[PDB]
Amino acid sequence: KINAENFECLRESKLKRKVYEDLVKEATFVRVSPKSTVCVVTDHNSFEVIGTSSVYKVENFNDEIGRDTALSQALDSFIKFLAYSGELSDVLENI
Amino acid sequence: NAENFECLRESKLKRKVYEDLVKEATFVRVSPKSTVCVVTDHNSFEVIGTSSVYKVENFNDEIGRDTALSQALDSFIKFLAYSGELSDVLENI
Amino acid sequence: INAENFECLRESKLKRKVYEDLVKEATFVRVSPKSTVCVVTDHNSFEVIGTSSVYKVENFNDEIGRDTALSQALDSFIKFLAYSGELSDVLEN
Amino acid sequence: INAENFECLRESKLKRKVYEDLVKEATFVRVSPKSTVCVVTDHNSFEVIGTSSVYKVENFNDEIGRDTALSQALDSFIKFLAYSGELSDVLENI
Ligand SMILES: Nc1nc2c(ncn2[C@@H]2O[C@@H]3COP(=O)(O)O[C@H]4[C@@H](O)[C@H](n5cnc6c(N)ncnc65)O[C@@H]4COP(=O)(O)O[C@H]3[C@H]2O)c(=O)[nH]1
Ligand SMILES: Nc1nc2c(ncn2[C@@H]2O[C@@H]3COP(=O)(O)O[C@H]4[C@@H](O)[C@H](n5cnc6c(N)ncnc65)O[C@@H]4COP(=O)(O)O[C@H]3[C@H]2O)c(=O)[nH]1
Ligand SMILES: Nc1nc2c(ncn2[C@@H]2O[C@@H]3COP(=O)(O)O[C@H]4[C@@H](O)[C@H](n5cnc6c(N)ncnc65)O[C@@H]4COP(=O)(O)O[C@H]3[C@H]2O)c(=O)[nH]1
Ligand SMILES: Nc1nc2c(ncn2[C@@H]2O[C@@H]3COP(=O)(O)O[C@H]4[C@@H](O)[C@H](n5cnc6c(N)ncnc65)O[C@@H]4COP(=O)(O)O[C@H]3[C@H]2O)c(=O)[nH]1
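Residues numbered from 1 in each chain as written, not as in the entry; some residues may be left out. Chains lettered and ligands numbered in written order. Heavy atoms only, no water.

**Section: the environment of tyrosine 56 of chain A**
- When you line up the elements, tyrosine 56 of chain A lands in the loop between strand 3 (48-54) and helix 3 (63-85).
- For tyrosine 56 of chain A, a relative accessible area of 25% translates into the label partly exposed.
- Separated by 43 residues in sequence, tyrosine 56 of chain A and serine 13 of chain A place their C-alpha atoms 25 Å apart.
- Leave out the neighbours within four places in its chain, and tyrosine 56 of chain A touches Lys35 of chain A together with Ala82, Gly85, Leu87, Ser88 and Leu91 of chain C.
- Reaching out from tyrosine 56 of chain A, the side chain makes a polar contact with the side chain of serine 88 of chain C at a distance of 2.6 Å. (Helix = DSSP H or I, 4+ residues; strand = E, 2+ residues; numbered from the N terminus. Buried < 20%, exposed > 50% of the residue type's maximum accessible area, 1.4 Å probe, protein only. Contact = heavy atoms within 4.5 Å. Polar contact = N/O pair within 3.5 Å; in protein donor to acceptor, adjacent residues only side chain to side chain.)

Encoded structure:
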């Protein structure tokens, strides 16, 4: 995973940024189609959390925005898992 | 109550999750076409499943609940895979 | 109700435009102690569902729960507008 | 890819009818040790994504991973077909 300063969703969300730096072990991005980017985030147990993005106009495709949008959805689902285990409370106390 | 749902009678896995790990499963008809199932665990964490019939004139309360519960248990299995408790269910068949 | 009541509509002119012109009805239901369901209806009665779930049940707020569920409901609705091509009509106006 | 290779199409007349009449292309990418991604495109190049993640990575199987991901992708496509009313045309042919 690269530095959190690269992703606009991490700069505007304290919660997502904290989850990204502390609880994300690896983060991979793949362009699977002309319009869609897939982001897979893993925790320390290598559990995979998936997020996707799909640009409406394929001629406006941009790797950075696609990765940032896919990562943002991936962290939305990760926060659901952190709420299930209760470890979300640990993240909230550390902001 | 598990006997009343066809998705549980046909799935040993979802029936085992329902009988042992589901605290409550409530159902609400939220619109002419859609039913919402709210599955909660013993820690009161809520898992939401929905269903929507294509033709509104075909709406059946029982089918809507069974479909939304099956979708809700699909999502709950994801949470069980995250915590590792899914292999406890797969251990007990 | 009127679009100005929702914060996500005041902060997003795309979602406000879709809500004002392409949404027939937007109803909300509290389905559980923590979750709120929003059912968005287009002029052909097709149903788009969005949900929200507050982490701390003692922090439940009706307005925030409705606003969050509506915003996610409009995210899914935009996908349907991109499928039919009506998203291009919204982006022009 | 021919529809006979997918178990989800051999078990669902609805999904197999959608795959052959309304699906232009469906590609598969293994994006991680556990997850497979399927990208279904219609004849207007609109993309519908479906994913599958095996619980035990040692049991990863390419066939099951693709079949599960395609079955998930087609479930989402049916929602788009219900929105445009095009699902009624599929029901005419099954
Ligand atoms: N399943 C599916 N959904 C689609 C498709 N085309 C558009 N959508 C949906 O419409 C929303 C708005 O599209 P937009 O292109 O006008 O704005 C896009 C676009 O402005 C930007 N974006 C995302 N990926 C991008 C990318 N790869 N390049 C440039 N911009 C991108 O993020 C915004 C929202 O991404 P999104 O994936 O969450 O939502 C899409 C997406 O959910 C599609 O072909 N298939
Ligand atoms: N977001 C959204 N999705 C819709 C809508 N209308 C249909 N869909 C989707 O089409 C799929 C197939 O609908 P079907 O009516 O032809 O078969 C339905 C229907 O035969 C049955 N079913 C579900 N709820 C029912 C109900 N309340 N009454 C009777 N039958 C019901 O389960 C099947 C699959 O439900 P589903 O929610 O998983 O998938 C829907 C659903 O995802 C809709 O208005 N909004
Ligand atoms: N399936 C499920 N997901 C949950 C549950 N509890 C939390 N989540 C997830 O974590 C987020 C809650 O964190 P937060 O409560 O601190 O911020 C919440 C909360 O600050 C606010 N919010 C939403 N509904 C609210 C409500 N009814 N009352 C007060 N605040 C609310 O919106 C934010 C994001 O809601 P969300 O639905 O998108 O994401 C949930 C949700 O995806 C849960 O019990 N079940
Ligand atoms: N977001 C996320 N979800 C996960 C992860 N690991 C498991 N899950 C979920 O648990 C469900 C049941 O896993 P299973 O491995 O015991 O059965 C799997 C498995 O028996 C089979 N399957 C799917 N992909 C496979 C594959 N690539 N190889 C072998 N079997 C596969 O399909 C079943 C259901 O797939 P699924 O993706 O819809 O649901 C998963 C999945 O939603 C994970 O790491 N991340």
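**As for the site of ligand 3**
- Neighbouring residues of ligand 3: 16 residues in total, closest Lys80 of chain A, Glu46 of chain B together with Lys34, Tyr55 and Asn61 of chain C.
- In the environment of ligand 3, an oxygen atom lies 3.0 Å from a nitrogen or oxygen atom belonging to the side chain of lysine 34 of chain C.
- Separating an oxygen atom of ligand 3 from a backbone N or O atom of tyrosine 55 of chain C is a distance of 2.9 Å.
- Considered on its own, ligand 3 offers 780 Å² of accessible surface; in the complex 79% of this is hidden by protein.
- For the shell around ligand 3, the secondary-structure elements that each account for two or more residues are helix 3 of chain A together with strand 3 (47-53) and helix 3 (62-84) of chain C.
- Along the lines of polarity and charge, the residues of the shell around ligand 3 split into seven nonpolar, six polar and three charged. (Near = heavy atom within 4 Å. Areas by Shrake-Rupley, 256 points an atom, 1.4 Å probe, with all protein chains shown as cover. Nonpolar A, V, L, I, M, F, W, Y, C, P; charged D, E, K, R; others polar.)

**Brief notes about the side chain of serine 72 of chain A**
All names here are of chain A.
- Mapped onto the secondary structure, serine 72 falls in helix 3.
- Residue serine 72 is classed as buried on the basis of its relative accessible area, which comes to 16%.
- Reaching out from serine 72, the side chain makes a polar contact with the side chain of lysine 16 at a distance of 2.4 Å.
- Here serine 72 is in contact with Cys9 and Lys16, once residues within four sequence places are set aside.

**Considerations on the site of ligand 4**
- Taken together, 16 residues are adjacent to ligand 4, and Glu48 of chain A, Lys78 of chain B together with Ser53, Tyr55 and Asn61 of chain D come closest.
- Nearby residues place ligand 4 at the junction of chains A, B and D.
- Here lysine 78 of chain B contributes a side-chain N or O atom positioned 2.7 Å from an oxygen atom of ligand 4.
- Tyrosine 55 of chain D places a polar main-chain atom, nitrogen or oxygen, 2.7 Å from an oxygen atom of ligand 4.
- Considered on its own, ligand 4 offers 780 Å² of accessible surface; in the complex 79% of this is hidden by protein.
- Those elements that provide at least two residues to the shell around ligand 4 are helix 3 (61-83) of chain B together with strand 3 (47-53) and helix 3 (62-83) of chain D.
- Within the shell around ligand 4, the residues separate by chemical class into seven nonpolar, six polar and three charged.

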